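A.B. asks: My structure is below; once you've seen it, I'll send some questions.
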Amino acid sequence: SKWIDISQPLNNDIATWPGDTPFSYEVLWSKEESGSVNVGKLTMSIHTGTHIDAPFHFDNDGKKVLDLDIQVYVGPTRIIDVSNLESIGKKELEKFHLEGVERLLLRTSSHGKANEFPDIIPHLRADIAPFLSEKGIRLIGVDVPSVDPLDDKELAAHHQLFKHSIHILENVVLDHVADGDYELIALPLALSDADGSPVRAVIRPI
Amino acid sequence: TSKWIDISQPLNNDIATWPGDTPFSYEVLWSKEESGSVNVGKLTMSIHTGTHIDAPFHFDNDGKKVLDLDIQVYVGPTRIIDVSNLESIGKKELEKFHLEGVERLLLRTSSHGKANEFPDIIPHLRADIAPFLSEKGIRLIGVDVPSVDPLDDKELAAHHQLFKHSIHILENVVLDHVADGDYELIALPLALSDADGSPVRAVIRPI
Ligand SMILES: CC(=O)c1ccccc1N
Ligand SMILES: [Mg+2]
Ligand SMILES: [Zn+2]
Ligand SMILES: [Zn+2]
Ligand SMILES: [Zn+2]
Ligand SMILES: [Zn+2]
């Protein structure tokens, strides 16, 4: 059974957060110039395309990306539809079967345009954390750039999720995949000092 | 149990790069004190830093870019073998291993293993290795050094021949803390539309 790509393409047309570094890939040394190889240079914000946050992003004493447990980003995941909801909390999630789930991906179907930064997204309410924590959920993923509203500076959801040991994955592309169980892979790069990492997220149907 | 094991080089500002190539840089542009909410970071690097894959574009102007690459190649059963104390590695040195049904192969040269220094000399792969591995069904080869060709070679025989036989390339895996044998491997490139390679997080789990 094939792996399916649920990552946003990364190129110089991708959207970023306002005030983040624009994405740049450029060929530093071409093959004409080097005599052998095309060699690339990559400049970006960590939070561009499909990626994971580390606690250090929103907490000065938080863990950096390399201090994170890799076991969390690989394994069984459940995918659910939570479209047409302004916000998502305990109430909206109690209707789903979630027993023994370790990793949960939410399809909001809210945006899905990797080249535009949205004006508004559905966010997670802070009661979601104790609820998911209690069920054993270590990772939550959403198909939008954030778990908190776009203009919120408190980042309640970020803080609460990581206080309950739930890790965060943003900007997965879920419109071409059905609800259900899969294996997930979405590993961060081994960055010693970083606040997050882009990843290649992929899934395979159980 | 059966935990995944990291076989990637740590990426930080002391990592080595190819001579004259973009040095690696992770830096906080705007801190949480300054912004009132978030540490805002910037990542600058060469593609060919730390553990990473090559795409055919890197050495062929008409080669595929990273996103054109088949992801199924970079996930699945792999075999690890020890080829230390060899100046070069070809058919001859691999014929002593039983390699039937293998799709992905990792070679421990134990030649260098210092992520913070760029080596003066490495063991390279000879070009006869490609038909040999190709015939057996091998789609990916990995080495614990920065290149499959010698550090100063401009022809890049090994690169060209590997990809001409549909064998993909993974460089700078860290193998000294892992035993030979069978594993599941994961080493996926980032979804880079226009790039000549991608860094990866390579990990393995014992079968
Ligand atoms: C930097 C890089 O990728 C490179 C440059 C010269 C020769 C071989 C290489 N892999
Ligand atoms: Mg052309
Ligand atoms: Zn983020
Ligand atoms: Zn976030
Ligand atoms: Zn390379
Ligand atoms: Zn190479």
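Note that chain A is numbered according to Swiss-Prot, with residues 4-209 shown in order.
From the backbone N, Cα and C atoms, a Cβ is placed for every residue, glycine too.
Quick paste of what Swiss-Prot says about this protein:
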type	residues	note
BINDING	A:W20	substrate binding site
BINDING	A:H50, A:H54, A:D56, A:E173	Zn(2+) 1 binding site
BINDING	A:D56, A:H161, A:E173	Zn(2+) 2 binding site
ACT_SITE	A:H60	active site, proton donor/acceptor
A.B. asks: With a radius of 8 angstroms around the mean position of the C-beta atoms of A:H50, A:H54, A:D56, A:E173, what other residues of the same chain does the Zn(2+) 1 site pick up?
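C.D. replies: These residues sit around the Zn(2+) 1 site: A:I49, A:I55, A:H60, A:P148, A:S149, A:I171, A:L172, A:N174, A:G199, A:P201.
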A.B. asks: Report, in sequence order, every one of the recorded positions (A:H54, A:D56, A:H60, A:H161, A:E173) having a CB within less than 8 angstroms of a CB belonging to chain B; if no such residue exists, report 'none'.
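C.D. replies: The answer, in sequence order, is A:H60.
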A.B. asks: Using the centroid of the Cβ atoms of A:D56, A:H161, A:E173 as reference, list every other same-chain residue with Cβ within 8 Å of it (recorded Zn(2+) 2 site), in sequence order.
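C.D. replies: Near the Zn(2+) 2 site, the remaining chain residues are A:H50, A:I55, A:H60, A:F61, A:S149, A:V150, A:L164, A:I171, A:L172, A:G199.
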A.B. asks: Using all protein chains in view, find how many other C-beta atoms are within 10 Å of the C-beta of the residue listed as 'active site, proton donor/acceptor'.
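C.D. replies: By my count, 25.
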A.B. asks: Tell me the Cα distance separating A:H50 (Zn(2+) 1 binding site) from A:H161 (Zn(2+) 2 binding site), rounded to the nearest angstrom.
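C.D. replies: Cα-Cα distance, A:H161 (Zn(2+) 2 binding site) to A:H50 (Zn(2+) 1 binding site): 14 Å.
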A.B. asks: What does DSSP call the residue listed as 'substrate binding site' in the simple three-state scheme?
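C.D. replies: In the DSSP reduction, the residue listed as 'substrate binding site' maps to coil.
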A.B. asks: Highest Cβ count within 10 Å among the binding-site residues A:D56, A:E173: which residue is it?
C.D. replies: A:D56
A.B. asks: Could you measure between A:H50 (Zn(2+) 1 binding site) and A:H60 (active site, proton donor/acceptor) for me? Cα positions, answer in whole angstrom.
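C.D. replies: Answer for this pair: 10 Å between alpha carbons.
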A.B. asks: What is the separation, in Å, between the Cα atoms of A:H54 (Zn(2+) 1 binding site) and A:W20 (substrate binding site)?
C.D. replies: 13
A.B. asks: How many whole Å apart are the CA atoms of the residue listed as 'substrate binding site' and A:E173 (Zn(2+) 1 binding site)?
C.D. replies: 13
A.B. asks: Could you give the Cα-Cα distance between A:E173 (Zn(2+) 1 binding site) and A:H60 (active site, proton donor/acceptor), in whole Å?
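C.D. replies: Approximately 13 Å lies between the Cα of A:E173 (Zn(2+) 1 binding site) and that of A:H60 (active site, proton donor/acceptor).
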A.B. asks: So, in DSSP terms, is A:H50 (Zn(2+) 1 binding site) helix, strand, or coil?
C.D. replies: coil
